[PDB]
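Presented as C-alpha cells, the chain that follows is alone, the form deposited in one PDB entry.
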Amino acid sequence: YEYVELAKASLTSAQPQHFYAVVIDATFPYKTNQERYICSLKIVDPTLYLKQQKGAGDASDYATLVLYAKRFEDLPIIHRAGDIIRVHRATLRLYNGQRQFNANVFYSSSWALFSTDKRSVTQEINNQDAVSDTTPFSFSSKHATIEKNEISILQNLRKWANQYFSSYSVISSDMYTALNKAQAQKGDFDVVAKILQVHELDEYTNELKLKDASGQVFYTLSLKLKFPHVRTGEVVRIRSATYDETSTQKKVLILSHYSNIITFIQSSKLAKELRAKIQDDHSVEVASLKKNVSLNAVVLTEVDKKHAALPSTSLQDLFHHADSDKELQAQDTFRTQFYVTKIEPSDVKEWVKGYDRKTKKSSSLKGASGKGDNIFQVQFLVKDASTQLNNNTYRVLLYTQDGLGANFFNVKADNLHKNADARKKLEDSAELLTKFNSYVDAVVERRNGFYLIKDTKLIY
C-alpha cells in the first residue's frame, strides 16, 4: 500500500487511494435507511490543516471523509478529537470546494484507528494499557495489518498531531456557536463547552451541565451507553445540537442520533485553556432554591479533593451486592450520589445527642450536658437512580462520635435545644436535603454493615 498526503491526493485518478490522517471531527455513525449507515468526519495532516492565514483568522482547513456501511459495527466511533485514522481504498472528489474522500466499507474499503495519546478513550475508561504503540484500538473487517514501513508514518503523524493541537485551536471559532447565541440559530449548531456536572437522571441517561466560554449554562441529555466518556471538568465539542424552545425551566440542548460528544487529546491547547478559563457556576442552583419546585437538579455537597478521583458506586451495588461482589468486598471506602427521602430522627433538635465514650451510649440533650460529648447521630433514608423503581429506601449514617462527617453541616455539633443559631441552620439544611431534585455526592466508609458519611460537606 502506498499512502498519500491529503493535499497531494489526485482529484482526477478516481482510483482508490490510501492515507493516514488526524480526525478533528466526526458525527456518530448513524442509520439513513433500511440498509445504510454513515459516518462523516473531518481530517487533517501536515499538508492540509490551516487556511491561508492572513485574512483567514487562523481558521482550520481540512478534508472530509464519508464512510459508508451496511452495518453499524462497521463504522468508527470517534469519542476523541486528535486520534489518527488509516483508510484504504478511498475515492476522492471535489464537493462544494473541498476535498472529499469517500469509502464504501461495505465493499472493499477499510479504516483503522490509532491512539495519539498513550491510551485510547475506551482504554482510559477501563484503565487498560495499549498492546503497543503500533496496534489499532479499532478497525473494520476481521483483520488489520501494520507493515514495518508504516511505523514511521504513524510515529511522525503522532508527533505532528501533538504539535498541531498544542499550537492551534484545531476546532476554530468558525466551527461552533456560543451558547448565549444558541437561540438565534435557525437549525442545528456545534458547541465547545466544559462539563461542569454529570447528573445520572436515570438508568440509561446522563444529564450534562455545560458552560462554554460565553458563560452561558445549558443542559443536555447524554445516553450512558453512547457517550461513556463524559467526565466532569473536561472540555468537549458537541457535533450537532439544537436549541429547545419548549424548555422553559432551564436552557436545554437537544441531540440527535447522529450527534456526537468529543473530547480532546492531552496536548490540546483549546481544551487546556477552557478547563482553566471556564469556572463552575452555581447561579442555577441558587436561584432554584427559592422555588417550591425545581426542575433543575442541585448537588448539595462536595467531597474532599483527595476523593475527586474516586469512582462512584450506585446504591444498587452498595446495598445488594457489597457482600457478594469480589471487587466490592475489597473496599471499605466508597463514593456515591443519592437523594434524601427522609431524615431521622424527625425532630431536628435530636440530631445532636450527648455521647459517653466509655459506655458507647448516646442520649438526648433535652436534659442537658449530663450526657457527655455532643455528636451528630443522623440517619438518612436515601434512594438513587439504580434503585428508583424498587420499594426500598436505604440507610446512610452521619454518626460523628469518631470524627467521621463531623463538618458535614458546616455546623459544629451543639445542644440544639439551647443553641438557636445551630438549630436554625440545621432545620434549613433539612428542608433542602429532602426537597425534590436535591442530591448528595458523598464519600462513605463501611463499618459493621453500615455506611457512614465522611469527608463530605454541604456547599449551600
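We number the residues from 1 along the sequence you see. Shifts are known only where both forms have a C-alpha. We call the rigid core the largest set of C-alpha positions that still match within 1.5 Å between the two forms.
On average, which has the higher Cα B-factor in the deposited entry, 168 to 176 or 142 to 150? Comparing averages over the C-alpha atoms only gives 142 to 150.
Mean C-alpha B factor from the entry: is it higher for 127 to 135 or for 231 to 239? Stretch with the greater average CA B-factor: 127 to 135.
Residue with highest C-alpha B-factor in the PDB entry, from 326, 353, 93, 383: Reading the PDB entry, the winner on C-alpha B-factor is 326.
Per the entry's Cα B factor values, which of 263, 314, 301, 374 stands out as the maximum? Most elevated C-alpha B-factor of the set, per the entry: 374.
Classify residue 295 as lowest, middle or highest third according to the C-alpha B-factor given in the PDB entry, relative to its own chain. It falls in the top third of the chain.
Within this chain, which third does the Cα B-factor at residue 111 fall in: lowest, middle or highest? Answer is middle: the recorded C-alpha B-factor places it there.
Divide the modelled residues of the chain into thirds by Cα B-factor and specify which third, lowest, middle or highest, holds residue 101. CA B-factor rank for residue 101: middle third.
Entry-reported Cα temperature factor of residue 20, expressed as the chain third it lands in: Ranked within chain, residue 20 CA B lands in the lowest tercile.
Select lowest, middle or highest to describe the third in which the CA B-factor of residue 361 falls within its chain in this entry. Answer is highest: the recorded C-alpha B-factor places it there.
Missing here is the form deposited in another entry; even so, the following discussion is about that form.
Which one moved? Candidates are 371, 269, 229, 71, criterion is a Cα shift of 2 Å or more between the shown form and the other one after superposing on the core. Per the superposition, the moving residue is 371.
Relative to the superposed rigid core, does the CA atom of residue 52 travel 2 Å or more between the shown form and the other one? Shift of 2 Å or more: yes.
Given that the distance between the C-alpha atoms of residue 55 and residue 164 changes by 3 Å or more in the other form, do they end up closer or farther than here? Those two alpha carbons end up closer in the other form.
Comparing against this form, do residue 8 and residue 55 have their CA atoms pulled together or pushed apart in the other form? The difference is 3 Å or more. Between the C-alphas of residue 55 and residue 8, the gap narrows in the other form (3 Å or more compared with this form).
Could you identify the runs between the shown form and the other one where three or more consecutive residues, present in both forms, all have C-alpha shifts of 2 Å or more after superposing the core? When the rigid core is held fixed, residues 52 to 57, 369 to 371 are the runs that shift.
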